[PDB]
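Quick notes on the structure that follows.
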Amino acid sequence: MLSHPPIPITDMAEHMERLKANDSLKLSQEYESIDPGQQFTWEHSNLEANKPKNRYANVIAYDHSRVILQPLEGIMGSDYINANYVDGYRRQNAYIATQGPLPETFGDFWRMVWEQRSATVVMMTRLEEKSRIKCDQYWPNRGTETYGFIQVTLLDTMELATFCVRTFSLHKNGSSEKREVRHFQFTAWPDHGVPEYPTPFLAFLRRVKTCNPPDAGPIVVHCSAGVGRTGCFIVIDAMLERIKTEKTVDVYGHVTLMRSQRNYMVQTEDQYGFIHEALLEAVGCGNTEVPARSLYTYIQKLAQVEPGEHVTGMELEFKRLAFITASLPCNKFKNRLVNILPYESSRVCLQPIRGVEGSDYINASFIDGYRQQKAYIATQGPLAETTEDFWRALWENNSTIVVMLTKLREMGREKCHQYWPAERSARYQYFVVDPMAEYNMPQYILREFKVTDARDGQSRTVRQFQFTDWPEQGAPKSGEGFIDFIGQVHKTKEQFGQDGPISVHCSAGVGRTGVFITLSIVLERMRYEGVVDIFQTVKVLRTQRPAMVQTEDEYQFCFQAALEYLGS
């Protein structure tokens, strides 16, 4: 367009900075100007038989773009569903944007999927968000359920930390045909505003796109109203497909086109900003995922210096990986480093003492696992005047497993303050720690403790694992000892009935800590999904705590452990 021309990649970051400038003013003016410049009708949405088929009276389906169901003759309005075709870039009716189905429209929705020959459904919402129903569950808990003319059979569930994948079989009334449909529910969108980092969503999108067949009907996408998160998903995807052919981006143009196909597509200014951030991150972070039996080949490639390039592929890839409530003038003793600090939206909150303002801070960040959120806590190795807060932190967060990743002293220097007793009892503020058992294993030491609350008298078992075999300088040549150590901690977690996060630290609590959480994730995804993407794994971790996996040597070791684990 004239007024809003395409944004070429490599001029994108400066475009977003110009949009962000002075309280997102240019973005605000860009977003407020969005107008397809046409008049539409919505007579079908307004038929009195169809009125109650709308979740929101104010979110309707335009006539010219509506999804038309085959009429159930004898029944007026039976051709109506609140849904519209929406274009991709160079992709006519690539998507169907629709509301979250209502109890009364379950059958209509599944009949739409059938008649439109769709194969993928994208659900951009949790069923309930902040005690408010955003969508009703339109699929069986197990086995088969009938909705109108469609039998829906749940075949499988795969439930990860940020999204859940369900597989279904569809069988229609009499019809001998059987259709398969895959259902992707992103569950990590925040209750208010948009995600702080686009990385987890972008991984959700890749998953969706690799598992959607290429000869299927339009991807069905919905949230609650099917305009807001739905719109974000559609534009992100379309623009990713755009840069694949044009190396340019036209968010402005596409949203305008979407608005001509469904009301309010991309509902808020925040969503419009989020779309840009997600696309900026995506252009500088390319494909780094590799299938299992190509990992060695891929590792063999990164281990090499390319003609005309200065350092190994492993080195460049690692180079491409680059709050205030913590940095208060009172916390200038609570941190080992003033340059390695937890983020706000992840930092572990300590229940504050009656009359000590500024003592809720502990250098610890919540970290999501592979299957569940907040599966880990990434913290620094405690200091003398930090010890008390660490034991405090463990109790309040139901963390009954500690993972230490350093020797107490390395290279003629302390790395961590011994925070646990060895030969007596030790009262740390309102807690007392009993050394119960101590096992010396080959690569690590397991220490059992009896933390008893001095206030309410309650006692908990805390098992501490300390890996003793990390070379004083560099990385292990074999991952075997680390693979097993990772194994043992998680084995110990489950069989002891420990429904709480695993606390992990090293010295600063980023370098070997990052390596531990990374491989814990990578090794389980490799077992189930059969693919490896360590780059994106470190990227996500870094969006929950900064500097995770501190060095090139740590980074390469993740690959070493992955390659060895595949061999086993």
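Position 1 is the first residue of the sequence; numbering continues from there.
At least one side-chain heavy atom of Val522 sits under 4.5 Å from a side-chain heavy atom of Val532. The side-chain heavy atoms of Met123 and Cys223, taken from C-beta on, include no pair separated by under 4.5 Å. Counting heavy atoms from C-beta on, the side chains of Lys407 and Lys415 never come closer than 4.5 Å. Taking the side chain as every heavy atom from C-beta outward, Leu205 and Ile236 approach each other to under 4.5 Å. For the pair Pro200 and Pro195, the minimum side-chain heavy-atom distance is 4.5 Å or more.
Atom CD of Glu17 is surrounded by 12 or fewer heavy atoms from other residues, nucleotides or ligands within 6.0 Å. Atom CD of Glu159 is surrounded by 12 or fewer heavy atoms from other residues, nucleotides or ligands within 6.0 Å. Residue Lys209 qualifies as enclosed at atom NZ: its count of foreign heavy atoms under 6.0 Å is above 12.
Residue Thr551 holds its OG1 atom at 9.0 Å from CZ of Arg512, rounded to the nearest 0.5 Å. Taken to the nearest 0.5 Å, the CG atom of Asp389 stands 14.5 Å off from the OH atom of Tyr419. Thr230 contributes atom OG1, which lies 9.0 Å from atom CD of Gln271 (distance to the nearest 0.5 angstrom). The distance from atom CD of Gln560 to atom CE of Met314, rounded to the nearest 0.5 Å, is 9.5 Å.
Applying the side chain to side chain donor-acceptor pair (under 3.5 Å) test to pairs two or more places apart or on separate chains, those with a residue in residues 436-445 are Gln443-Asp469.
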N/O donor to acceptor pairs below 3.5 angstrom from side-chain atoms of residues 273-297, sequence neighbours left out:
unit_1: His276; atom_1: ND1; unit_2: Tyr272; atom_2: O; d: 2.7
unit_1: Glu281; atom_1: OE1; unit_2: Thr199; atom_2: OG1; d: 3.3
unit_1: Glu281; atom_1: OE2; unit_2: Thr199; atom_2: OG1; d: 2.6
unit_1: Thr288; atom_1: OG1; unit_2: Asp533; atom_2: OD1; d: 2.7
unit_1: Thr288; atom_1: OG1; unit_2: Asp533; atom_2: OD2; d: 3.4
unit_1: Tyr296; atom_1: OH; unit_2: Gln300; atom_2: NE2; d: 2.8

Cut-off 3.5 Å, no hydrogens considered: what does the side-chain donor-acceptor table look like for residues 362-377, sequence neighbours left out?
unit_1: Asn363; atom_1: OD1; unit_2: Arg545; atom_2: NH1; d: 2.8
unit_1: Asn363; atom_1: OD1; unit_2: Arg545; atom_2: NH2; d: 2.7
unit_1: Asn363; atom_1: ND2; unit_2: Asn335; atom_2: OD1; d: 2.7
unit_1: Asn363; atom_1: ND2; unit_2: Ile340; atom_2: O; d: 3.1
unit_1: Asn363; atom_1: ND2; unit_2: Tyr361; atom_2: OH; d: 3.4
unit_1: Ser365; atom_1: OG; unit_2: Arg545; atom_2: NH1; d: 2.9
unit_1: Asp368; atom_1: OD1; unit_2: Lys374; atom_2: N; d: 2.9
unit_1: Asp368; atom_1: OD2; unit_2: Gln373; atom_2: NE2; d: 3.2
unit_1: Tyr370; atom_1: OH; unit_2: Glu529; atom_2: OE2; d: 2.7
unit_1: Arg371; atom_1: NE; unit_2: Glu524; atom_2: OE2; d: 2.8

**Study point:** Criterion side chain to side chain contact (heavy atoms under 4.5 Å, CB included) on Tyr95 and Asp237, from CA distance to verdict
**Key:** CA-CA 10 Å; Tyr95 312 91; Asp237 187 55; 2.3 Å; yes
Exercise for review: Could you walk me through whether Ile517 and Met548 pass the side chain to side chain contact (heavy atoms under 4.5 Å, CB included) test, one step at a time?
Suggested key: CA-CA 9 Å; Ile517 299 171; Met548 297 283 276; 3.9 Å; yes
Check your understanding: Does the pair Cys164 and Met158 meet the rule for a side chain to side chain contact (heavy atoms under 4.5 Å, CB included), with working shown?
Key -> CA-CA 6 Å; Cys164 176; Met158 190 194 284; over 6 Å; no
Point to revise | Stepwise side chain to side chain contact (heavy atoms under 4.5 Å, CB included) check, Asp87 with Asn93 | key: CA-CA 5 Å; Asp87 286 347; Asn93 310 327; 3.8 Å; yes
Exercise for review: Check the pair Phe204, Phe163 against ring pair (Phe, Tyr, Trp, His ring centres under 6.0 Å), reporting the backbone distance first and the verdict last.
Suggested key: CA-CA 7 Å; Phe204 169 74; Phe163 68 90; 5.6 Å; yes
Practice item. Output, in order, the C-alpha distance, side-chain angles, deciding distance and verdict of side-chain hydrogen bond (donor to acceptor under 3.5 Å, both in side chains) for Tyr89 and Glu246. Key: CA-CA 11 Å; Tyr89 146 93; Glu246 275 207 32; 3.1 Å; yes
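When all heavy atoms are compared, the tightest approach of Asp191 to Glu129 is OD1-CB, 3.7 Å. The two residues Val549 and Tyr555 have their closest heavy-atom pair at CG1-N, 4.0 Å. Counting all heavy atoms, side chain and backbone alike, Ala97 lies closest to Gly226 at CB-O, 3.8 Å. Across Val266 and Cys232, no two heavy atoms sit closer than the pair CG2-N, 4.2 Å. Smallest separation of non-hydrogen atoms from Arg463 and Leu446: NH2-CD2, 3.4 Å. Considering all non-hydrogen atoms of both residues, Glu564 and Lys477 come closest at OE2-O, 3.6 Å.
Checking each of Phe186, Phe184, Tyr138 against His222 for a ring-ring contact (aromatic ring centres under 6.0 Å, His included) leaves exactly one that passes, namely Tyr138. Checking each of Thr379, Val403, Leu405 against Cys506 for a side chain to side chain contact (heavy atoms under 4.5 Å, CB included) leaves exactly one that passes, namely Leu405.
Under a cutoff of 6.0 Å and an axis angle of 45°, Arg447 and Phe465 do not form a cation-pi pair. Remark: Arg126 is not positioned above the aromatic ring of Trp189, lacking an NZ or CZ atom under 6.0 angstrom from the ring centre and at most 45 degrees off the axis.
For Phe390 and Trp420, the gap between ring centers reaches or exceeds 6.0 Å.
The backbone N or O of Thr157 lies less than 3.5 Å from no partner atom in the side chain of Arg166, so there is not a single donor-acceptor pair. Put simply, the side chain of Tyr197 never gets that close to the backbone of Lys539: no donor and acceptor are under 3.5 Å apart. Put simply, the side chain of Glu554 gets close to the backbone of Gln550: a donor and an acceptor are under 3.5 Å apart. One N or O on the side chain of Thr187 and one on the backbone of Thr162 form a donor-acceptor pair closer than 3.5 Å. Counting only distance, with no hydrogens or angles, the side chain of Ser118 and the backbone of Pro218 share a donor-acceptor pair below 3.5 Å. In this structure, the side chain of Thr518 does not engage the main chain of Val515 through any donor-acceptor pair within 3.5 Å. In this structure, the side chain of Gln380 engages the main chain of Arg336 through a donor-acceptor pair within 3.5 Å. With hydrogens and angles disregarded, no donor-acceptor distance shorter than 3.5 Å links the side chain of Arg117 to the backbone of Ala216. A distance-only check finds no donor-acceptor pair linking the side chain of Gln137 to the backbone of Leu127 [under 3.5 Å].
Between the side chains of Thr125 and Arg229, at least one donor N or O lies within less than 3.5 Å of an accepting N or O. Using a 3.5 Å distance cut-off with no hydrogens or angles, the side chains of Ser346 and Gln544 do not pair a donor with an acceptor. Between the side chains of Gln536 and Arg206, a donor-acceptor pair is found at a separation under 3.5 Å. Between the side chains of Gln488 and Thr492, not a single donor N or O lies within less than 3.5 Å of an accepting N or O. In summary, the side chains of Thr153 and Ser169 do not present any donor paired with an acceptor at a separation below 3.5 Å, with no hydrogens or angles considered. In this model, a donor atom of one side chain and an acceptor atom of the other lie less than 3.5 Å apart for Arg242 and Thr248. Counted by atom type alone, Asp156 and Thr167 present zero donor-acceptor pairs between their side chains at under 3.5 Å.
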